[PDB]
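Working notes for the structure below.
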Amino acid sequence: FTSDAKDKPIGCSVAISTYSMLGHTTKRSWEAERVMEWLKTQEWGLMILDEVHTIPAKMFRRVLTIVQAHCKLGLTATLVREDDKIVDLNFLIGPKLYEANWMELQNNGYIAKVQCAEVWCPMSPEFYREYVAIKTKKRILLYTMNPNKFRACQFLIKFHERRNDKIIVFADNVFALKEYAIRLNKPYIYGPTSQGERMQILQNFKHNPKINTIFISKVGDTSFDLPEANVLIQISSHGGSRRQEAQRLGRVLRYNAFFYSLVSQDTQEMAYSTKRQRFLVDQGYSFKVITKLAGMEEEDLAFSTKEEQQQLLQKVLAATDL
Amino acid sequence: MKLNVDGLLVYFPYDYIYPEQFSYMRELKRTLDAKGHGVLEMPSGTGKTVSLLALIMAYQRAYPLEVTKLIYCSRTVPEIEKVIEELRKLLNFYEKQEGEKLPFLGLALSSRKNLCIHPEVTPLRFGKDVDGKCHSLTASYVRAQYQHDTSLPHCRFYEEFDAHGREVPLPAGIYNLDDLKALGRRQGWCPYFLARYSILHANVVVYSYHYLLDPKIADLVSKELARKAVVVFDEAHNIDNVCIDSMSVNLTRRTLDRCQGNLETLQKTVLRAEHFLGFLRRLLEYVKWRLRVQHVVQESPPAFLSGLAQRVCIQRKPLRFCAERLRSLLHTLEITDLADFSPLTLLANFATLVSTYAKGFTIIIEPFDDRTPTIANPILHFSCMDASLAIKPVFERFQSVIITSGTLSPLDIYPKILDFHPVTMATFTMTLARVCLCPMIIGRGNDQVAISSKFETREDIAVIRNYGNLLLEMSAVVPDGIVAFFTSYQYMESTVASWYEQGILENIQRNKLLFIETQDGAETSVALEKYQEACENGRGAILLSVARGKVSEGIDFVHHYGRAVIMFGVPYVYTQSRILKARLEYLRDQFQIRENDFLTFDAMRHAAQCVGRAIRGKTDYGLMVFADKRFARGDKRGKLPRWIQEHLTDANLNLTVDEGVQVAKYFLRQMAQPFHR
Amino acid sequence: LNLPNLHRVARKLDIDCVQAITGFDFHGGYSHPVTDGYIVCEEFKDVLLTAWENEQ
Amino acid sequence: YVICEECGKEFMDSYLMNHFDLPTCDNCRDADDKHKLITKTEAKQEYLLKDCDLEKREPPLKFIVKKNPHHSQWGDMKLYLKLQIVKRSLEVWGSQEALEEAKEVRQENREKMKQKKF
DNA sequence: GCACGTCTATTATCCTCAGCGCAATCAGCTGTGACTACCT
DNA sequence: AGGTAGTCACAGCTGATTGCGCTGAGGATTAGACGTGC
Ligand code: SF4
Ligand SMILES: [Zn+2]
């Protein structure tokens, strides 16, 4: 029941739908209205909720009260959430039943032993002056488009492609991701592209040796059907969302694999990365700090000279969204 | 084993029951309790028959009064023999699990050629003369003259059956056609005559569609057998086509020449009643008038008799006496054989049909021929237009007619194509331990150009190059046989000629052997045999054919035969001949059927019928590809059977050739691992 | 009647309209018929003229 | 027998009854003005009706499929009875009332959207 | 008498128009995280 | 010093619109024979 095929939801044993449709605050579709009227007239056994962590919302909570069910079973992988609304989930649904021990889970070999990495790059002088000069929230793009971080990401991409490893590159701030992906001429998901284009890109991502690296803009921050990947490189993620980082780490496991996080020194990204890894260290993961990359000057990388690095300043300051 | 349905227990030869079979049994029991008709859809040719027979036997045991006679009409003789042997296996299982016999009789019916013991008529290959020779050898006059024991060669099986086979019945023992022939030859009886005598005291019987859809024989074979009976038409996705062809006749120069040749002999025999002797003589010239008239088309189903009553001024009533004349006058003339006589009978049948049935028909005359259009060929065909005409006598005489096949995806068009009142609307999708089929629709090629089989782009070079490249790089990933279907023979030959012109067909040849299906039956048979023997070893081969051909349904591509089935474009029937358009108009103004909707339904029905023959059996697996962007639209995907819809993910609906090849490689690589039962 | 696009008006009115041939031109190495107006029934002539004027 | 709503004369079968279940004989069949047939798209545009309002709201509205003179192979025009369409529109939107303001605010919103796009 | 350059010819074939149903597109609402300012 | 109302960057969803795809029917434009040079 998602207003896409309408496979006669009336008179069904198991019904599968999504949020934001059972709690509509506006006028509803006639067929959808009739389906909801039918659905609100009978009891439900074992109402299953997915991604329960984002249950305590303004409209998602009343979804529990808008339908009647006997048992409410919630499933999630990242129970961590800000705004301390997880306590509300104790009485909204029930108590925390089971919490898997990830360390012993990966010790059995059924979960990939991901070697977590936290490697930072120094801020180029052409960028740090502008970073310390501006404070009105325009510095988000500055450390995001750090030339040193760009070189590190390109080096990691090339190294892992040379050994035939599937790579997923997470990157928020899709504006930066545009010039981050078109520079290397690699597929990227802007996010409001289409439904078909994303599906075919992800479908040909796995069974193709020619292309094995993609860029994602906050779209992979949920439970999707992304294929198996061994390398994850996140750049300029959200502020302090431990849930987002835990989900991104969850997209790799299924040292079989390893994921890297790139941050800029002497910036808010350092504090953000420090405060958003406290969930995984409680889970047992340790983030090794990498300050030097072997063979950085062995091959040619982008932004080799200062000319294009200083040219990047004009285009990164060209936003002027006022 | 013993399956416990909600109000009965049914013995099943196989201990393990798939959920699809259980749901099918549930639905069929519901229909039988509903005392009404219905339509079903199953994806397996095998395993449906055993479940159907088991449920029928259980229902007969539970309710002997409700069900008395069973009909399992099928398409051809192999289906008849396989269902007979399946019933034999079921009966043997019941006997070994129960220990006592039951008075159930099961026989198979076919043509007199199939069931005959005279060695003087078997070697000949004349299906229109075997019945005539059988009638000449033994008939009412033969029985009358046998009293004096005339010394002349005649069939003697009946002369012994009428005195010895009309007293001993066959209460128990289901008999196959070979069993019937053996019993007849050991008892000196005709298998056909004992079959006729034994149908009354019988439990089940199987035969072809022609014994029920054709009114000229259904009444003789089924008149008062059982008022309350159950009939099922398995594999009847093309029931409308055969129903239309049942009341369809054709006329050519050969028919009229044969009639004018044989009427002189008939008159010579006569001069050695009068209401028809002079009546038959002048009928030929009215239809020969259209031979000398050079007109494109004449349509007048009601006014044809009006025009007949003008040139010769003949009443319409005596036409209705023509058919009943066949059994009366001819037997008085003592016809030696039906050779050189069938066109005269079919002319009378046509006259009776046009005299009686003219409400939903059309008369068409075509002065066109293949490669010799206008020399001398006015073909008159009394093509039927409504499929309900051939289906009324079975709906009004039966209670729970069931139409089931492997492709009945639109359940809303069959109840309105023919007058029908379904109460089921039931579909079933087979499930196994692994996905046995990987359907996918290939849109634009590597050049980002659509490969649609559009009429305006049939001669386009780019689409032909893309088709050739797809067939080449596909032939190297799926081994031991690929079955490709084209729209028509003309398009197929024009495509292969273009491929031969370029240096591309050699690349396919060096990978797999290419075999082309032609109209010749012997050539097609030998091509199929050599394709099978080439696919037996590692050579591999490609079988190129047409969707609307006798090879599409004549053979089944079981596992290891045709791992991939390719559809080169949506198969659309040719709009010419002014026959399809008449049916479209009739459906538009009568059943409110959209012309485009019906064309799409027919195209997708043929495509699914010719693509679903690659999966026969649970262990069988195969690949199915559609090489046309037009398949990508929902209006055509929705016409695919439900057991293929769920496996056609939205990810692969418009993917290019390279990604389709990659998907095929992954599917074949992952499907080769052992699975358990 | 020598009216341009008169056939289209006749087609929309389902009125018989046949092109009038007055000669043949041999331009381009081949003979092509020359069409001068359209021949329409006088009974429908009055109705056709008004319809053609409205269409124009 | 069926009693005509215009003349009251009993009849067995009529064109309107067969195609639209309308109890009106062919003698009183005013197919030119009162029983005018309009295309499906035209009815949806004029009366702002949706497919569910035409196929799912009881009673279901029947239609007559006729060939398109302009082009043969295109989808044939679906003709609905104007009286039934008007009755359904009145049942859905109430009457010839505020729906008229509704179409005005719809075109106003269209102008707002186009100026916003500009 | 032979071959080459030049003047002329008594009906055929190929690029562009026309209503409905499916898929693409935007408006409105919400989530999720941080940022920020004013009052108790 | 902490709580709350806004504000902003991305993302999701569903509810209308809203141009685009299904095929057949229209109006445009090289070779044979004669003069002549060898
Ligand atoms: S009566 Fe039977 S055995 Fe004799 S010719 Fe006919 S079919 Fe053959
Ligand atoms: Zn009346």
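Residue numbers start at 1 in each chain; chains themselves are named A, B, ... in the order of the structure tokens; ligands are numbered from 1 in the order shown.
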Practice problem: Could the residues of chain E within 8 Å of chain D, counting only C-alpha atoms (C1' of nucleotides), be given as a VMD selection string, please? | Solution: chain E and resid 18 to 20
Output file for the selection above: C-alpha atoms (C1' of nucleotides), as a PDB file, in the first residue's frame:
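What follows is the written file out.pdb:
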```
ATOM      1  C1'  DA E  18      -4.092  13.359 -35.583  1.00  0.00           C
ATOM      2  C1'  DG E  19      -6.947  11.416 -28.890  1.00  0.00           C
ATOM      3  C1'  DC E  20      -6.240   8.656 -24.710  1.00  0.00           C
TER       4       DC E  20
END
```
Quiz item: Quick one: residues within 6 Å of ligand 2, with only C-alpha atoms (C1' of nucleotides) and all ligand atoms, as a list in words?
Solution: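 Here is the list of contacting residues: residues 4, 6, 7, 8, 9, 24, 25, 27 and 28 of chain D.
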Self-check item: Who sits within 12 Å of residue 35 in chain F, only C-alpha atoms (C1' of nucleotides), same chain under 2 positions skipped, as number ranges by chain
Solution: E: 4-7; F: 33, 37
Quiz prompt | Surrounding residues as JSON, numbers by chain, ligand 1, max 10 Å, only C-alpha atoms (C1' of nucleotides) and all ligand atoms | solution = {"B": [111, 112, 113, 114, 115, 116, 117, 118, 119, 120, 121, 122, 130, 131, 132, 133, 134, 135, 136, 137, 138, 139, 154, 155, 156, 157, 158, 159, 161, 181, 184, 185, 188, 189, 190, 191, 192, 193, 194]}
Tell me, as a short mmCIF file (atom, residue, chain, number, x, y, z; two decimals) with N, CA and C atoms, in the first residue's frame, which residues lie within 10 Å of residue 543 in chain B, counting only C-alpha atoms (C1' of nucleotides); anything in the same chain fewer than 3 positions away does not count.
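Output contents, as saved in out32.cif:
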```cif
data_model
loop_
_atom_site.label_atom_id
_atom_site.label_comp_id
_atom_site.auth_asym_id
_atom_site.auth_seq_id
_atom_site.Cartn_x
_atom_site.Cartn_y
_atom_site.Cartn_z
N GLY B 481 22.26 -23.78 -27.04
CA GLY B 481 20.97 -23.50 -27.64
C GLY B 481 20.28 -22.23 -27.19
N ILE B 482 19.97 -21.36 -28.15
CA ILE B 482 19.18 -20.16 -27.90
C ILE B 482 18.05 -20.13 -28.92
N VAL B 483 16.82 -19.95 -28.44
CA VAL B 483 15.64 -19.93 -29.29
C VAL B 483 15.21 -18.48 -29.47
N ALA B 484 15.26 -17.99 -30.70
CA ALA B 484 14.92 -16.62 -31.02
C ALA B 484 13.65 -16.60 -31.86
N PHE B 485 12.75 -15.67 -31.55
CA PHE B 485 11.48 -15.53 -32.26
C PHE B 485 11.41 -14.16 -32.91
N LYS B 512 27.87 -20.46 -32.31
CA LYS B 512 26.78 -21.41 -32.31
C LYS B 512 26.31 -21.65 -33.74
N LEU B 513 25.72 -22.82 -33.96
CA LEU B 513 25.16 -23.14 -35.27
C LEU B 513 23.81 -22.46 -35.45
N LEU B 514 23.58 -21.95 -36.65
CA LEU B 514 22.34 -21.26 -36.98
C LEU B 514 21.43 -22.19 -37.77
N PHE B 515 20.19 -22.34 -37.30
CA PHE B 515 19.19 -23.14 -37.97
C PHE B 515 17.94 -22.30 -38.19
N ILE B 516 17.43 -22.31 -39.41
CA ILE B 516 16.30 -21.48 -39.81
C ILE B 516 15.09 -22.37 -40.02
N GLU B 517 13.98 -22.02 -39.38
CA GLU B 517 12.73 -22.76 -39.53
C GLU B 517 11.97 -22.24 -40.74
N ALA B 527 15.53 -29.93 -39.39
CA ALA B 527 16.25 -28.84 -38.74
C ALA B 527 16.16 -28.94 -37.23
N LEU B 528 14.98 -29.28 -36.71
CA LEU B 528 14.82 -29.47 -35.27
C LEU B 528 15.66 -30.64 -34.78
N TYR B 531 19.28 -29.56 -34.77
CA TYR B 531 19.47 -28.63 -33.67
C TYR B 531 19.56 -29.36 -32.34
N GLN B 532 18.69 -30.35 -32.13
CA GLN B 532 18.74 -31.13 -30.90
C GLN B 532 20.05 -31.90 -30.78
N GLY B 562 17.57 -24.82 -25.29
CA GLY B 562 17.18 -23.42 -25.31
C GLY B 562 17.19 -22.77 -23.95
N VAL B 565 15.60 -17.64 -24.37
CA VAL B 565 14.54 -17.37 -25.34
C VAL B 565 14.51 -15.87 -25.58
#
```
Quiz item: Could you list, as a list in words, every residue of chain F that has an atom within 9 Å of an atom of chain A, counting only C-alpha atoms (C1' of nucleotides)?
Solution: residues 9, 10, 11, 12, 13, 14 and 15 of chain F
Practice problem: With a distance threshold of 12 Å and counting only C-alpha atoms, extract the residues of chain A near chain D and express them as a list in words. | Solution: residues 29, 30, 31, 32 and 34 of chain A
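Near chain B, counting only C-alpha atoms (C1' of nucleotides) at 10 Å, the chain F residues are residues 21, 22 and 23 of chain F.
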Quiz item: Near range 601-613 of chain B, within 8 Å and counting only C-alpha atoms (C1' of nucleotides), which residues show up once chain neighbours fewer than 3 positions away are dropped, as a ChimeraX atom specification?
Solution: /B:237,406-408,547-548,552-553,556-558,565-567,570-573,597-598,616,624,636,639-641
Written file, previous selection with C-alpha atoms, as a PDB file, in the first residue's frame:
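Everything below was put into again21.pdb:
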```
ATOM      1  CA  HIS B 237      -4.743 -19.877 -24.095  1.00  0.00           C
ATOM      2  CA  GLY B 406       0.107 -21.424 -18.835  1.00  0.00           C
ATOM      3  CA  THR B 407      -0.743 -17.914 -20.085  1.00  0.00           C
ATOM      4  CA  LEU B 408      -4.061 -16.350 -19.049  1.00  0.00           C
ATOM      5  CA  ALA B 547       6.091 -16.478 -32.957  1.00  0.00           C
ATOM      6  CA  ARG B 548       3.083 -17.330 -35.150  1.00  0.00           C
ATOM      7  CA  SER B 552       6.196 -22.247 -31.620  1.00  0.00           C
ATOM      8  CA  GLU B 553       3.698 -24.630 -29.996  1.00  0.00           C
ATOM      9  CA  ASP B 556       8.610 -27.823 -25.782  1.00  0.00           C
ATOM     10  CA  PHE B 557      12.097 -26.564 -24.902  1.00  0.00           C
ATOM     11  CA  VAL B 558      12.827 -28.675 -21.830  1.00  0.00           C
ATOM     12  CA  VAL B 565      14.540 -17.371 -25.339  1.00  0.00           C
ATOM     13  CA  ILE B 566      14.832 -14.082 -27.231  1.00  0.00           C
ATOM     14  CA  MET B 567      11.869 -12.005 -28.420  1.00  0.00           C
ATOM     15  CA  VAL B 570       6.538  -7.373 -30.076  1.00  0.00           C
ATOM     16  CA  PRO B 571       4.944  -9.957 -32.411  1.00  0.00           C
ATOM     17  CA  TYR B 572       2.079  -8.140 -34.132  1.00  0.00           C
ATOM     18  CA  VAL B 573      -0.235  -9.957 -36.524  1.00  0.00           C
ATOM     19  CA  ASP B 597      -6.090  -3.185 -26.429  1.00  0.00           C
ATOM     20  CA  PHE B 598      -7.014  -6.343 -28.343  1.00  0.00           C
ATOM     21  CA  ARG B 616       9.106 -27.456 -17.972  1.00  0.00           C
ATOM     22  CA  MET B 624      13.960 -14.903 -21.131  1.00  0.00           C
ATOM     23  CA  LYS B 636       2.343  -4.571 -22.157  1.00  0.00           C
ATOM     24  CA  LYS B 639      -0.295  -8.576 -19.991  1.00  0.00           C
ATOM     25  CA  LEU B 640       2.467 -10.971 -18.904  1.00  0.00           C
ATOM     26  CA  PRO B 641       1.428 -13.932 -16.726  1.00  0.00           C
TER      27      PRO B 641
END
```
Exercise. Show me which bits of chain E are within 12 Å of chain C, counting only C-alpha atoms (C1' of nucleotides), as number ranges by chain.
Key: E: 7-12
Could you take the residues named above and write them with N, CA and C atoms (P, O5', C5', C4', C3', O3' and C1' of nucleotides), as a CSV table (one decimal), in the first residue's frame?
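Okay, this is what ended up in part.csv:
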```csv
chain,number,residue,atom,x,y,z
E,7,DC,P,24.2,20.9,-76.0
E,7,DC,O5',22.7,20.7,-76.3
E,7,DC,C5',22.2,20.7,-77.6
E,7,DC,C4',20.8,20.0,-77.7
E,7,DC,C3',19.8,20.5,-76.7
E,7,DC,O3',18.5,20.7,-77.3
E,7,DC,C1',20.1,18.2,-76.5
E,8,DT,P,17.3,21.4,-76.5
E,8,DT,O5',16.4,20.1,-76.1
E,8,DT,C5',15.9,19.2,-77.1
E,8,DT,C4',15.4,18.0,-76.5
E,8,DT,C3',14.3,18.2,-75.4
E,8,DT,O3',13.2,17.4,-75.7
E,8,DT,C1',16.0,16.7,-74.7
E,9,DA,P,11.7,17.8,-75.2
E,9,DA,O5',11.1,16.5,-74.6
E,9,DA,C5',10.9,15.3,-75.4
E,9,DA,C4',10.9,14.0,-74.6
E,9,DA,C3',9.8,14.0,-73.5
E,9,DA,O3',9.2,12.8,-73.4
E,9,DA,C1',11.9,13.7,-72.5
E,10,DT,P,7.9,12.4,-74.3
E,10,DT,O5',6.9,11.7,-73.3
E,10,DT,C5',6.4,12.4,-72.2
E,10,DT,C4',4.9,12.3,-72.2
E,10,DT,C3',4.3,10.9,-71.8
E,10,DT,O3',4.1,10.9,-70.4
E,10,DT,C1',3.1,12.1,-73.6
E,11,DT,P,3.3,9.6,-69.8
E,11,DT,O5',3.8,9.6,-68.2
E,11,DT,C5',3.4,8.5,-67.4
E,11,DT,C4',3.4,8.9,-65.9
E,11,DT,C3',2.7,8.0,-65.0
E,11,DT,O3',3.6,6.9,-64.5
E,11,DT,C1',1.9,10.2,-64.6
E,12,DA,P,5.1,7.2,-64.2
E,12,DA,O5',5.6,5.9,-63.3
E,12,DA,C5',4.9,5.7,-62.1
E,12,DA,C4',5.9,6.0,-60.9
E,12,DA,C3',5.5,5.3,-59.6
E,12,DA,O3',6.7,5.0,-58.9
E,12,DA,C1',5.6,7.7,-59.3
```
Exercise. Pick out each residue of chain C that DSSP on the backbone tags as alpha helix (DSSP H); I need them as number ranges by chain.
Key: C: 6-13, 45-55
Grab the residues selected above and save them as a tab-separated table (two decimals), in the first residue's frame with N, CA, C and O atoms.
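Here's the written file part_13.tsv:
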```
chain	number	residue	atom	x	y	z
C	6	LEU	N	-9.20	23.46	-51.03
C	6	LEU	CA	-10.63	23.16	-51.11
C	6	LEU	C	-10.90	21.69	-50.81
C	6	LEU	O	-11.97	21.34	-50.29
C	7	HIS	N	-9.95	20.81	-51.14
C	7	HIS	CA	-10.13	19.39	-50.88
C	7	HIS	C	-10.23	19.11	-49.38
C	7	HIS	O	-11.02	18.26	-48.96
C	8	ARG	N	-9.44	19.82	-48.57
C	8	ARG	CA	-9.49	19.61	-47.13
C	8	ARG	C	-10.86	19.97	-46.57
C	8	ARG	O	-11.39	19.26	-45.70
C	9	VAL	N	-11.45	21.07	-47.05
C	9	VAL	CA	-12.80	21.43	-46.63
C	9	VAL	C	-13.79	20.35	-47.06
C	9	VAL	O	-14.69	19.97	-46.30
C	10	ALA	N	-13.64	19.85	-48.29
C	10	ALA	CA	-14.50	18.77	-48.76
C	10	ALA	C	-14.30	17.50	-47.93
C	10	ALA	O	-15.27	16.79	-47.63
C	11	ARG	N	-13.06	17.20	-47.56
C	11	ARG	CA	-12.80	16.05	-46.70
C	11	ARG	C	-13.47	16.20	-45.35
C	11	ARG	O	-14.05	15.24	-44.83
C	12	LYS	N	-13.42	17.40	-44.76
C	12	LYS	CA	-14.09	17.64	-43.49
C	12	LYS	C	-15.61	17.61	-43.63
C	12	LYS	O	-16.30	17.30	-42.65
C	13	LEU	N	-16.13	17.94	-44.80
C	13	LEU	CA	-17.56	17.88	-45.07
C	13	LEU	C	-18.00	16.57	-45.70
C	13	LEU	O	-19.19	16.39	-45.97
C	45	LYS	N	-22.11	23.03	-54.26
C	45	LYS	CA	-21.21	24.14	-54.55
C	45	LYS	C	-21.47	25.32	-53.61
C	45	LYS	O	-20.53	25.91	-53.07
C	46	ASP	N	-22.74	25.68	-53.42
C	46	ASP	CA	-23.07	26.82	-52.57
C	46	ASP	C	-22.67	26.57	-51.12
C	46	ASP	O	-22.14	27.48	-50.46
C	47	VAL	N	-22.91	25.36	-50.61
C	47	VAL	CA	-22.51	25.04	-49.24
C	47	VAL	C	-21.00	24.98	-49.13
C	47	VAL	O	-20.42	25.41	-48.13
C	48	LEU	N	-20.33	24.44	-50.16
C	48	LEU	CA	-18.88	24.30	-50.11
C	48	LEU	C	-18.18	25.66	-50.08
C	48	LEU	O	-17.17	25.82	-49.39
C	49	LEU	N	-18.70	26.63	-50.83
C	49	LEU	CA	-18.06	27.95	-50.88
C	49	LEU	C	-18.06	28.62	-49.51
C	49	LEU	O	-17.04	29.16	-49.06
C	50	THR	N	-19.21	28.59	-48.82
C	50	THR	CA	-19.30	29.20	-47.50
C	50	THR	C	-18.38	28.50	-46.51
C	50	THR	O	-17.72	29.15	-45.70
C	51	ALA	N	-18.34	27.17	-46.56
C	51	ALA	CA	-17.47	26.42	-45.66
C	51	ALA	C	-16.00	26.72	-45.93
C	51	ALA	O	-15.21	26.85	-44.99
C	52	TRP	N	-15.62	26.83	-47.20
C	52	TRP	CA	-14.24	27.17	-47.53
C	52	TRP	C	-13.89	28.57	-47.06
C	52	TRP	O	-12.78	28.81	-46.58
C	53	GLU	N	-14.82	29.51	-47.21
C	53	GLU	CA	-14.58	30.87	-46.72
C	53	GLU	C	-14.40	30.88	-45.20
C	53	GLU	O	-13.50	31.55	-44.67
C	54	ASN	N	-15.24	30.13	-44.49
C	54	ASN	CA	-15.10	30.03	-43.04
C	54	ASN	C	-13.77	29.39	-42.66
C	54	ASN	O	-13.11	29.82	-41.71
C	55	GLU	N	-13.36	28.35	-43.39
C	55	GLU	CA	-12.09	27.68	-43.11
C	55	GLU	C	-10.92	28.63	-43.34
C	55	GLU	O	-9.96	28.64	-42.57
```
Exercise. Compile the contact shell of range 21-26 of chain E as JSON, numbers by chain: residues with an atom at most 8 Å away, counting only C-alpha atoms (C1' of nucleotides), same-chain residues fewer than 5 positions apart removed.
Key: {"B": [633, 634, 635], "F": [18]}
Write to file, as a JSON list (two decimals), in the first residue's frame, the residues of the selection just made, with C-alpha atoms (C1' of nucleotides).
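File produced: again.json:
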```json
[["chain", "number", "residue", "atom", "x", "y", "z"],
["B", 633, "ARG", "CA", 5.62, 0.20, -21.11],
["B", 634, "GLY", "CA", 3.30, -0.95, -18.34],
["B", 635, "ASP", "CA", 0.40, -1.62, -20.71],
["F", 18, "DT", "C1'", 1.05, 17.64, -17.77]]
```
Quiz item: Interatomic distance between CA of residue 86 in chain A and CA of residue 253 in chain A?
Solution: 25.1 Å
Quiz item: Quick one: residues within 12 Å of residue 236 in chain B, only C-alpha atoms (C1' of nucleotides) counted, chain neighbours fewer than 4 positions away excluded, as a VMD selection string?
Solution: chain B and resid 39 to 42 45 72 to 76 208 to 209 232 240 to 243 402 to 408 414 553 605 609
Self-check item: Those in range 3-223 of chain A with strand (DSSP E) from DSSP, as a ChimeraX atom specification
Solution: /A:47-50,72-75,114-121,167-171,188-189,213-216
Please write the residues from the selection above to a file, keeping N, CA and C atoms, as a tab-separated table (two decimals), in the first residue's frame.
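Writing done, so here's result35.tsv:
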```
chain	number	residue	atom	x	y	z
A	47	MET	N	2.43	-6.02	14.49
A	47	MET	CA	2.71	-4.87	13.64
A	47	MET	C	4.21	-4.64	13.63
A	48	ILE	N	4.83	-4.82	12.47
A	48	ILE	CA	6.28	-4.74	12.36
A	48	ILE	C	6.68	-3.35	11.88
A	49	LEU	N	7.59	-2.71	12.60
A	49	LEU	CA	8.13	-1.41	12.24
A	49	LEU	C	9.60	-1.58	11.88
A	50	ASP	N	10.00	-0.97	10.77
A	50	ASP	CA	11.39	-0.96	10.34
A	50	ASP	C	11.97	0.44	10.54
A	72	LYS	N	3.67	-4.87	18.87
A	72	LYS	CA	4.41	-3.92	18.05
A	72	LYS	C	5.89	-4.29	18.12
A	73	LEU	N	6.41	-4.87	17.05
A	73	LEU	CA	7.79	-5.31	16.99
A	73	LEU	C	8.60	-4.34	16.15
A	74	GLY	N	9.58	-3.68	16.77
A	74	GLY	CA	10.41	-2.73	16.06
A	74	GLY	C	11.81	-3.24	15.80
A	75	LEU	N	12.31	-3.03	14.59
A	75	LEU	CA	13.64	-3.49	14.21
A	75	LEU	C	14.47	-2.32	13.72
A	114	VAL	N	35.50	-5.05	9.49
A	114	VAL	CA	35.83	-3.79	8.84
A	114	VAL	C	36.89	-3.07	9.66
A	115	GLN	N	37.98	-2.69	8.99
A	115	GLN	CA	39.07	-1.95	9.63
A	115	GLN	C	38.76	-0.47	9.53
A	116	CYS	N	38.17	0.09	10.58
A	116	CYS	CA	37.77	1.49	10.58
A	116	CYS	C	39.01	2.38	10.57
A	117	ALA	N	38.94	3.47	9.82
A	117	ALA	CA	40.05	4.41	9.70
A	117	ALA	C	39.53	5.83	9.80
A	118	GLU	N	40.29	6.68	10.49
A	118	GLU	CA	40.00	8.11	10.58
A	118	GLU	C	41.26	8.85	10.17
A	119	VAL	N	41.35	9.21	8.89
A	119	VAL	CA	42.52	9.86	8.33
A	119	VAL	C	42.16	11.29	7.98
A	120	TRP	N	42.91	12.24	8.53
A	120	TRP	CA	42.66	13.65	8.28
A	120	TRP	C	43.72	14.23	7.35
A	121	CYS	N	43.38	15.36	6.75
A	121	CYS	CA	44.27	16.06	5.85
A	121	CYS	C	44.43	17.50	6.30
A	167	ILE	N	33.83	0.23	-4.20
A	167	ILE	CA	33.94	1.44	-3.39
A	167	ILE	C	32.60	2.17	-3.41
A	168	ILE	N	32.14	2.59	-2.24
A	168	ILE	CA	31.00	3.48	-2.10
A	168	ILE	C	31.48	4.74	-1.40
A	169	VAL	N	31.24	5.89	-2.01
A	169	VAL	CA	31.73	7.16	-1.50
A	169	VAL	C	30.52	7.97	-1.05
A	170	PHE	N	30.35	8.10	0.26
A	170	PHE	CA	29.31	8.95	0.81
A	170	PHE	C	29.80	10.39	0.91
A	171	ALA	N	28.91	11.33	0.59
A	171	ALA	CA	29.27	12.74	0.63
A	171	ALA	C	27.99	13.56	0.69
A	188	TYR	N	27.56	9.38	-10.05
A	188	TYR	CA	27.13	9.94	-8.77
A	188	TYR	C	25.61	10.01	-8.75
A	189	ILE	N	25.06	9.95	-7.55
A	189	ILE	CA	23.62	10.06	-7.35
A	189	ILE	C	23.36	11.41	-6.69
A	213	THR	N	32.95	2.10	-8.66
A	213	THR	CA	32.93	3.15	-7.65
A	213	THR	C	31.79	4.11	-7.95
A	214	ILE	N	31.03	4.48	-6.92
A	214	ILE	CA	29.91	5.40	-7.05
A	214	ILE	C	29.96	6.43	-5.93
A	215	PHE	N	29.26	7.54	-6.15
A	215	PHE	CA	29.12	8.59	-5.16
A	215	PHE	C	27.66	8.70	-4.74
A	216	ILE	N	27.43	8.82	-3.43
A	216	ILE	CA	26.09	8.90	-2.87
A	216	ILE	C	25.99	10.17	-2.03
```
